[PDB]
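Single-structure report; data block below.
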Number of protein chains: 2
Amino acid sequence: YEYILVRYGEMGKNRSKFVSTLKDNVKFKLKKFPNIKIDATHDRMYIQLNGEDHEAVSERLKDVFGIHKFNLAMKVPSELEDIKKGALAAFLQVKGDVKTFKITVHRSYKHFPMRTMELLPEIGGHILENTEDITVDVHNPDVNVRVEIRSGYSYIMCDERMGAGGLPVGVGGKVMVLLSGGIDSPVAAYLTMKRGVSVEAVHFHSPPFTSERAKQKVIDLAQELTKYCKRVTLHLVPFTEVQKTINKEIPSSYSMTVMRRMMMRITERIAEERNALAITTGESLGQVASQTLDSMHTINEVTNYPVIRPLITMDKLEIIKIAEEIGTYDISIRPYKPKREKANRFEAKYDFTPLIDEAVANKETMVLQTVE
Amino acid sequence: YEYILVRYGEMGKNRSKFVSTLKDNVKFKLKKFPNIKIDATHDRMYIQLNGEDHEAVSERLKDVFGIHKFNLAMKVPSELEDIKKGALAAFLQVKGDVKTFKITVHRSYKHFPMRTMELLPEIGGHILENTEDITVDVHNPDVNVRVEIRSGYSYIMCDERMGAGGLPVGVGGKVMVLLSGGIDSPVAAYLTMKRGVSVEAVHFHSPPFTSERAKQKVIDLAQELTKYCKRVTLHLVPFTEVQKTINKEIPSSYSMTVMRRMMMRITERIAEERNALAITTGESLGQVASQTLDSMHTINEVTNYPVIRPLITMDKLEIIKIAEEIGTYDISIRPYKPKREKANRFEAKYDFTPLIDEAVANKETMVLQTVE
Ligand SMILES: Nc1ncnc2c1ncn2[C@@H]1O[C@H](COP(=O)(O)O)[C@@H](O)[C@H]1O
Ligand SMILES: Nc1ncnc2c1ncn2[C@@H]1O[C@H](COP(=O)(O)O)[C@@H](O)[C@H]1O
């Protein structure tokens, strides 16, 4: 009711970069709760509520990567009486079938006048004589009342919620994610972010002979991903001229291979511009619509940038499960052996460099946020 | 008791390559059951048992990638009487608390004299008057007795077992997997195989100042992986001289970066020799012992071969879970920001090409099998 105490996932200078990234991301997520103050130490993040609805704050906190668990806590002055009080207040904030309880005491303030042995019956007694049909269970308690005793101030909590886990978005760096309208790529973007890497999305569209409705899918997908980070930058690359030239200059059996090669070349040029160190795709091995190893081998020739492939060894079912969980599935669902020698030999016949450079120069950038 | 009918995972020329790969892998797995005959059509694989212990065959069948499910079946001639018989025999082969049953009839042979409507009470009646304390349930049956009626011969089955899933090892091609003694790399090798890609393992060891016990770990890990494919080819590359030269020629802050770059260069040279189209690693993002994106970005400079990274966005817990499931965990457990400009500038100072070529020439190859 007074505080939310967030416990970090897992991590010197590495912790600083972790904490301050988490701070900024949490701050941004809760900015529509302007009364809150946040102190983030190297071991714990303290969210001072100052009247702000703890439930409302909780519902937004659970979507932030980098948080293992968090607790709704009471911060009370550190003598027995103020401790007794805070325990009760914390206890009463627990909705649901509440019939039994337990008290647990961590004593970090070693010079506290009373012993844990003695504190137990005291706090229990105070909750007992201030409730109605409620007893204690040491073995099967409904509500665990945990008392952390520190000097000056002490925390009481009963309400432990799971966080999203993973790593604060931004701590690991930045990659470009190749986003398309299928089920896969948004999932891959999501998994990248969960490991603390922020993503900028890159989408190739060919405005005449691809529809606006298909472009809206990608925008909608990028919009949905805003739930998991501060903002999603979406680069829309006009691909139509490159697509046309490939049809004219390249033998048909290789047109798709070269187009994907051209996609990767352009994406690398964007990655450099944006100081991104890798490129994410939703490629996976061995599905009907998934490319062969031969295809992958031939397309990857054009870049020695890491190509992060989160779904590389995942099956359709686990991919769909996640897409459903994160809520990109129903948007995605809207219904709209190559060799290196030959790929090179065909590309030798026309200089795609001006096309590549213009496509980079012509990209449009949207910046999406969760619109509260 | 007479047959095992395997149902395929999921997949023209693509099915042929799938079926015959599965056939060869199953054949190899069951070669110590020499009486068995295997017919594999494009829709089903039939294993004629010919007296061979079906349980023993089942226990080895469940570890073969490419099998969704399989059934212990009876193949009986296709008139009512031989059908009644086979149903009972199939039913009686079911160990466990058997008290109720049900009959289900798929009628693929359209010109079969009797209708499903009539077949139901007949087969049920025959099992009823030939068992003791057993009735039928249409809603909550212990044993489902499924009758597939075809011309000439018909199948009865009650015993549906799950298979390993994934894709027949070999169907997708071949990659080199970089294998080390940690928890990760064997898991990555395993996940690669489950998507139907066979792996050849590559391990760098530096015989004087790495132990034989550490090399035995990798051998043990490769041995354990033989459970999931026909054989594991393990390449042991002597790395000591390259390691020494790096210590002498390279500034210390970059020695590890260059060593890994040298590893990747050698591995690519081996991949080519072995007609492998990619390289698998157990790299993941954002664990304490995992490399940074900067590190990954700088090491990947030296190869434009696909680098398959199955665990790239997995956490420690899911990695450990799998390593435990596949039984590599307890072997692994045995206790034994770089920039491209600087990496290149330092490597410019000494020609590592002769070292790279000799290491490739000096690799030793072991071939491991599951030793029944
Ligand atoms: N039009 C596109 N724009 C951006 N990325 C794409 C596009 N098409 C495909 N991709 C990326 O390439 C991956 C594999 O392509 P595919 O095998 O054609 O589904 C997808 O998961 C996307 O990450
Ligand atoms: N000595 C080695 N031999 C072969 N592969 C290795 C070796 N050391 C590391 N690797 C590979 O590189 C990956 C990441 O290395 P690391 O970040 O050092 O654990 C491991 O998962 C292995 O696939």
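Chain lettering (A, B, ...) mirrors the order of the structure tokens, residue numbering begins at 1 for each chain separately, and ligand numbering begins at 1 in order of display.
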
Can you list, as a PDB file with N, CA, C and O atoms, in the first residue's frame, every protein, DNA or RNA residue that comes within 10 Å of residue 48 of chain A when you count only C-alpha atoms, leaving out same-chain residues fewer than 6 positions away?
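Writing done, so here's out00.pdb:
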ATOM      1  N   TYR A   1       0.826  -1.251   0.000  1.00  0.00           N
ATOM      2  CA  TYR A   1       0.000   0.000   0.000  1.00  0.00           C
ATOM      3  C   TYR A   1       0.846   1.281   0.000  1.00  0.00           C
ATOM      4  O   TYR A   1       0.438   2.293  -0.573  1.00  0.00           O
ATOM      5  N   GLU A   2       2.016   1.231   0.637  1.00  0.00           N
ATOM      6  CA  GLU A   2       2.927   2.375   0.715  1.00  0.00           C
ATOM      7  C   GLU A   2       4.085   2.245  -0.284  1.00  0.00           C
ATOM      8  O   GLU A   2       4.573   3.245  -0.808  1.00  0.00           O
ATOM      9  N   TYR A   3       4.519   1.013  -0.543  1.00  0.00           N
ATOM     10  CA  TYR A   3       5.659   0.781  -1.423  1.00  0.00           C
ATOM     11  C   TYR A   3       5.511  -0.415  -2.340  1.00  0.00           C
ATOM     12  O   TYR A   3       4.804  -1.377  -2.034  1.00  0.00           O
ATOM     13  N   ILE A   4       6.188  -0.348  -3.479  1.00  0.00           N
ATOM     14  CA  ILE A   4       6.467  -1.558  -4.231  1.00  0.00           C
ATOM     15  C   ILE A   4       7.971  -1.790  -4.289  1.00  0.00           C
ATOM     16  O   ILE A   4       8.735  -0.922  -4.715  1.00  0.00           O
ATOM     17  N   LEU A   5       8.379  -2.966  -3.830  1.00  0.00           N
ATOM     18  CA  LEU A   5       9.781  -3.350  -3.806  1.00  0.00           C
ATOM     19  C   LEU A   5      10.037  -4.341  -4.927  1.00  0.00           C
ATOM     20  O   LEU A   5       9.520  -5.451  -4.902  1.00  0.00           O
ATOM     21  N   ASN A  35       2.993  10.951  -9.095  1.00  0.00           N
ATOM     22  CA  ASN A  35       3.297  11.047  -7.662  1.00  0.00           C
ATOM     23  C   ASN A  35       4.380  10.085  -7.149  1.00  0.00           C
ATOM     24  O   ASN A  35       4.947  10.310  -6.077  1.00  0.00           O
ATOM     25  N   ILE A  36       4.657   9.020  -7.901  1.00  0.00           N
ATOM     26  CA  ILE A  36       5.614   7.993  -7.466  1.00  0.00           C
ATOM     27  C   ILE A  36       7.071   8.470  -7.486  1.00  0.00           C
ATOM     28  O   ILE A  36       7.502   9.176  -8.408  1.00  0.00           O
ATOM     29  N   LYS A  37       7.820   8.076  -6.459  1.00  0.00           N
ATOM     30  CA  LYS A  37       9.263   8.260  -6.444  1.00  0.00           C
ATOM     31  C   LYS A  37       9.914   6.886  -6.495  1.00  0.00           C
ATOM     32  O   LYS A  37       9.452   5.949  -5.841  1.00  0.00           O
ATOM     33  N   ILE A  38      10.972   6.772  -7.294  1.00  0.00           N
ATOM     34  CA  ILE A  38      11.707   5.522  -7.447  1.00  0.00           C
ATOM     35  C   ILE A  38      13.173   5.670  -7.046  1.00  0.00           C
ATOM     36  O   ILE A  38      13.915   6.463  -7.635  1.00  0.00           O
ATOM     37  N   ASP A  39      13.576   4.898  -6.039  1.00  0.00           N
ATOM     38  CA  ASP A  39      14.986   4.727  -5.704  1.00  0.00           C
ATOM     39  C   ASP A  39      15.405   3.308  -6.080  1.00  0.00           C
ATOM     40  O   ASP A  39      14.775   2.331  -5.674  1.00  0.00           O
ATOM     41  N   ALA A  73       4.525  -3.361  -0.304  1.00  0.00           N
ATOM     42  CA  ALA A  73       5.044  -3.281   1.057  1.00  0.00           C
ATOM     43  C   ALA A  73       4.546  -2.071   1.839  1.00  0.00           C
ATOM     44  O   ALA A  73       4.121  -1.062   1.256  1.00  0.00           O
ATOM     45  N   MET A  74       4.602  -2.212   3.166  1.00  0.00           N
ATOM     46  CA  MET A  74       4.414  -1.116   4.113  1.00  0.00           C
ATOM     47  C   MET A  74       5.777  -0.721   4.662  1.00  0.00           C
ATOM     48  O   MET A  74       6.525  -1.583   5.127  1.00  0.00           O
ATOM     49  N   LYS A  75       6.108   0.568   4.589  1.00  0.00           N
ATOM     50  CA  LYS A  75       7.303   1.090   5.248  1.00  0.00           C
ATOM     51  C   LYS A  75       6.887   1.796   6.523  1.00  0.00           C
ATOM     52  O   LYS A  75       6.262   2.856   6.488  1.00  0.00           O
TER      53      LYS A  75
END

Considering only C-alpha atoms, extract the chain A residues located within 8 Å of chain B and return them as a VMD selection string.
-> chain A and resid 11 166 to 167 172 to 173 191 to 192 194 to 196 277 to 278 285 to 288 292 to 294 296 to 297 300 to 313 315

Grab the residues selected above and save them as a compact mmCIF listing (two decimals), in the first residue's frame with N, CA and C atoms.
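Heads up, here's the output in out-v7.txt:
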# COMPACT_ATOMS: atom_id res chain seq x y z
N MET A 11 22.22 -10.40 -12.41
CA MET A 11 23.35 -9.71 -13.06
C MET A 11 24.69 -10.00 -12.39
N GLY A 166 13.35 -11.96 -17.67
CA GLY A 166 14.30 -11.46 -18.64
C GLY A 166 15.13 -10.30 -18.12
N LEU A 167 15.58 -9.46 -19.05
CA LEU A 167 16.57 -8.42 -18.78
C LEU A 167 16.07 -7.05 -19.21
N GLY A 172 21.54 -4.83 -23.13
CA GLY A 172 22.39 -5.64 -23.98
C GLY A 172 22.80 -4.98 -25.29
N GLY A 173 22.22 -3.83 -25.60
CA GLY A 173 22.52 -3.19 -26.87
C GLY A 173 21.31 -3.09 -27.78
N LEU A 191 11.32 -12.02 -28.20
CA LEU A 191 12.31 -12.81 -27.47
C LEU A 191 13.64 -12.08 -27.39
N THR A 192 13.93 -11.26 -28.40
CA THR A 192 15.15 -10.47 -28.40
C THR A 192 15.10 -9.46 -27.26
N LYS A 194 13.30 -9.60 -24.53
CA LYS A 194 13.30 -10.25 -23.22
C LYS A 194 14.75 -10.55 -22.71
N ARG A 195 15.70 -10.65 -23.64
CA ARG A 195 17.09 -10.83 -23.25
C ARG A 195 17.80 -9.48 -23.16
N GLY A 196 17.01 -8.42 -23.03
CA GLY A 196 17.54 -7.10 -22.72
C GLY A 196 18.14 -6.36 -23.89
N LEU A 277 24.21 -3.73 -33.73
CA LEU A 277 25.34 -4.66 -33.87
C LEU A 277 24.95 -6.01 -34.47
N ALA A 278 23.65 -6.23 -34.66
CA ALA A 278 23.15 -7.49 -35.19
C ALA A 278 21.82 -7.28 -35.86
N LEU A 285 14.15 -23.56 -38.68
CA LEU A 285 14.53 -24.68 -39.56
C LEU A 285 13.37 -25.64 -39.72
N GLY A 286 13.13 -26.07 -40.95
CA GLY A 286 12.36 -27.29 -41.18
C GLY A 286 10.84 -27.26 -41.14
N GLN A 287 10.25 -26.07 -41.11
CA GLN A 287 8.82 -25.93 -41.37
C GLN A 287 8.58 -25.83 -42.87
N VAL A 288 7.36 -26.15 -43.28
CA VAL A 288 6.98 -26.11 -44.70
C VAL A 288 7.31 -24.76 -45.37
N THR A 292 15.23 -23.64 -46.64
CA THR A 292 16.22 -24.69 -46.45
C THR A 292 17.53 -24.09 -45.94
N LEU A 293 18.37 -24.95 -45.39
CA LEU A 293 19.74 -24.60 -45.04
C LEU A 293 20.52 -24.05 -46.24
N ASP A 294 20.32 -24.65 -47.42
CA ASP A 294 20.91 -24.16 -48.67
C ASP A 294 20.51 -22.72 -48.96
N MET A 296 19.41 -20.56 -46.71
CA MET A 296 19.97 -19.75 -45.63
C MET A 296 21.46 -19.51 -45.87
N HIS A 297 22.16 -20.56 -46.27
CA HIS A 297 23.58 -20.50 -46.55
C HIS A 297 23.89 -19.48 -47.64
N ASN A 300 22.94 -15.60 -46.44
CA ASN A 300 23.85 -15.12 -45.42
C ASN A 300 25.24 -14.71 -45.95
N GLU A 301 25.54 -15.09 -47.18
CA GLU A 301 26.82 -14.75 -47.80
C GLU A 301 27.13 -13.26 -47.74
N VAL A 302 26.09 -12.44 -47.83
CA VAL A 302 26.26 -11.00 -48.03
C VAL A 302 26.48 -10.20 -46.75
N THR A 303 26.46 -10.86 -45.60
CA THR A 303 26.65 -10.18 -44.31
C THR A 303 27.40 -11.06 -43.33
N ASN A 304 28.35 -10.46 -42.63
CA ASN A 304 29.03 -11.13 -41.54
C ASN A 304 28.64 -10.49 -40.21
N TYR A 305 27.54 -9.72 -40.21
CA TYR A 305 26.89 -9.29 -38.98
C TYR A 305 26.20 -10.47 -38.34
N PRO A 306 26.23 -10.55 -37.00
CA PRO A 306 25.48 -11.63 -36.38
C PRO A 306 24.03 -11.59 -36.85
N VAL A 307 23.47 -12.76 -37.18
CA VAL A 307 22.06 -12.87 -37.50
C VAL A 307 21.40 -13.70 -36.40
N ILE A 308 20.75 -13.01 -35.47
CA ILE A 308 20.08 -13.62 -34.32
C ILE A 308 18.81 -14.29 -34.82
N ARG A 309 18.68 -15.60 -34.58
CA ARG A 309 17.52 -16.35 -35.05
C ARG A 309 16.85 -17.11 -33.89
N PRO A 310 16.07 -16.38 -33.05
CA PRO A 310 15.49 -16.95 -31.83
C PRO A 310 14.70 -18.23 -32.02
N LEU A 311 14.02 -18.35 -33.16
CA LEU A 311 13.11 -19.46 -33.39
C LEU A 311 13.78 -20.57 -34.19
N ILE A 312 15.08 -20.43 -34.40
CA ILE A 312 15.81 -21.30 -35.32
C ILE A 312 15.53 -22.79 -35.12
N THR A 313 15.35 -23.22 -33.87
CA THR A 313 15.10 -24.63 -33.58
C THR A 313 13.78 -24.85 -32.86
N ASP A 315 9.51 -25.27 -32.88
CA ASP A 315 8.47 -25.75 -33.78
C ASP A 315 7.32 -24.76 -33.86

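Atom CA of residue 58 of chain B to atom CA of residue 8 of chain B spans 15.5 Å [interatomic distance, one decimal].
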
Residues at most 10 Å from residue 179 of chain A, counting only C-alpha atoms, excluding those fewer than 3 positions away in the same chain, as a ChimeraX atom specification?
-> /A:176,182,184-189,200-204,218-219,221-222,234-236,280-282

Could you pull the residues within 7 Å of residue 359 of chain A, counting only C-alpha atoms, minus those fewer than 3 positions along the same chain, as a ChimeraX atom specification?
-> /A:237-239,355-356,362-363

Could you dump the residues just selected with N, CA, C and O atoms as a compact mmCIF listing (two decimals), in the first residue's frame?
# COMPACT_ATOMS: atom_id res chain seq x y z
N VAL A 237 11.03 0.33 -45.51
CA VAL A 237 11.89 0.48 -46.68
C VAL A 237 11.10 0.20 -47.96
O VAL A 237 10.50 -0.88 -48.09
N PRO A 238 11.10 1.16 -48.90
CA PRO A 238 10.42 1.00 -50.18
C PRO A 238 11.25 0.06 -51.06
O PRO A 238 12.40 0.37 -51.37
N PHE A 239 10.67 -1.07 -51.45
CA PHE A 239 11.45 -2.13 -52.07
C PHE A 239 11.07 -2.37 -53.55
O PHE A 239 11.79 -3.05 -54.29
N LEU A 355 20.66 1.19 -56.27
CA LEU A 355 19.39 0.75 -55.72
C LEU A 355 19.45 0.52 -54.20
O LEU A 355 18.58 0.97 -53.47
N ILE A 356 20.49 -0.18 -53.75
CA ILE A 356 20.71 -0.44 -52.33
C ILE A 356 20.82 0.88 -51.54
O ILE A 356 20.15 1.05 -50.52
N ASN A 362 15.78 6.21 -48.61
CA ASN A 362 14.34 6.41 -48.79
C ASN A 362 13.48 5.82 -47.66
O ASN A 362 12.27 6.04 -47.61
N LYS A 363 14.11 5.08 -46.75
CA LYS A 363 13.37 4.50 -45.62
C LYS A 363 12.61 5.56 -44.82
O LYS A 363 13.08 6.67 -44.62

Quick one: residues within 12 Å of segment 125-136 of chain A, only C-alpha atoms counted, chain neighbours fewer than 6 positions away excluded, as a list in words?
->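 Residues near the query, excluding close chain neighbours: residues 80, 81, 82, 83, 84, 85, 86, 87, 88, 89, 90, 91, 92, 97, 98, 99, 100, 101, 102, 103, 104, 118, 119, 142, 143, 144 and 145 of chain A.
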
Could you pull out all residues of segment 111-328 of chain B with a DSSP call of strand (DSSP E) and give them as a ChimeraX atom specification?
-> /B:135-136,143-149,153-162,173-178,197-205,232-238,278-280,307-308

Close residues, residue 33 of chain A itself excluded, 10 Å, only C-alpha atoms, min 6 positions apart in chain, as a PyMOL selection string | chain A and resi 27+49-53+56-57

What would the file look like if the residues just selected were written as a CSV table (one decimal), in the first residue's frame with N, CA, C and O atoms?
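Here's the written file again03.csv:
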chain,number,residue,atom,x,y,z
A,27,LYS,N,10.2,3.9,-15.0
A,27,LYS,CA,9.8,5.3,-14.9
A,27,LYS,C,8.9,5.6,-16.1
A,27,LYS,O,7.8,6.0,-15.9
A,49,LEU,N,5.0,4.9,-3.4
A,49,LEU,CA,3.7,5.1,-4.1
A,49,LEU,C,3.0,6.5,-3.9
A,49,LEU,O,2.5,7.1,-4.8
A,50,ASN,N,3.1,7.0,-2.7
A,50,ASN,CA,2.5,8.3,-2.4
A,50,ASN,C,1.1,8.5,-2.8
A,50,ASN,O,0.7,9.4,-3.5
A,51,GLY,N,0.2,7.5,-2.4
A,51,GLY,CA,-1.2,7.5,-2.7
A,51,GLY,C,-1.6,6.9,-4.0
A,51,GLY,O,-2.8,6.4,-4.1
A,52,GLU,N,-0.7,6.8,-4.9
A,52,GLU,CA,-1.0,6.1,-6.2
A,52,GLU,C,-1.5,4.7,-6.0
A,52,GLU,O,-1.0,3.9,-5.3
A,53,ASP,N,-2.6,4.4,-6.7
A,53,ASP,CA,-3.2,3.1,-6.8
A,53,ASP,C,-2.2,2.0,-7.0
A,53,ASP,O,-1.6,1.9,-8.1
A,56,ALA,N,-3.2,-0.5,-9.9
A,56,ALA,CA,-3.0,0.0,-11.2
A,56,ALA,C,-1.5,0.0,-11.5
A,56,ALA,O,-1.1,-0.3,-12.7
A,57,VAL,N,-0.6,0.4,-10.6
A,57,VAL,CA,0.8,0.4,-10.8
A,57,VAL,C,1.3,-1.1,-11.0
A,57,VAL,O,2.1,-1.3,-11.9

Assign secondary structure with DSSP using the backbone only, and return the residues of segment 48-289 of chain A in alpha helix (DSSP H) as a PyMOL selection string.
-> chain A and resi 54-61+80-92+116-128+184-194+212-224+240-249+255-273

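Going from atom CA of residue 139 of chain A over to atom CA of residue 95 of chain A, you cover 20.8 Å.
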
Across A:121, A:163, A:168, A:9, the smallest distance to residue 23 of chain A, with only C-alpha atoms counted, is shown by A:168

Do a neighbour search on residue 253 of chain A at 10 Å with only C-alpha atoms, toss out local chain neighbours closer than 5 positions, and write the hits as a ChimeraX atom specification.
-> /A:258,337-338

Could you please take those selected residues and save N, CA and C atoms as a short mmCIF file (atom, residue, chain, number, x, y, z; two decimals), in the first residue's frame?
data_model
loop_
_atom_site.label_atom_id
_atom_site.label_comp_id
_atom_site.auth_asym_id
_atom_site.auth_seq_id
_atom_site.Cartn_x
_atom_site.Cartn_y
_atom_site.Cartn_z
N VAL A 258 17.92 -13.59 -54.54
CA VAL A 258 18.60 -12.32 -54.67
C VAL A 258 17.84 -11.23 -53.92
N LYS A 337 17.44 -25.63 -54.32
CA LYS A 337 18.59 -25.42 -53.43
C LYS A 337 19.55 -24.40 -54.05
N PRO A 338 19.41 -23.12 -53.67
CA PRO A 338 20.27 -22.08 -54.22
C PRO A 338 21.74 -22.24 -53.82
#

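As for atom 3 (N, counted along the ligand's line) of ligand 1 and atom CA of residue 348 of chain A, they are spaced 24.5 Å apart.
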
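Residue nearest residue 154 of chain A within the list A:78, A:140, A:94, A:198: A:78 [criterion: smallest interatomic distance, only C-alpha atoms].
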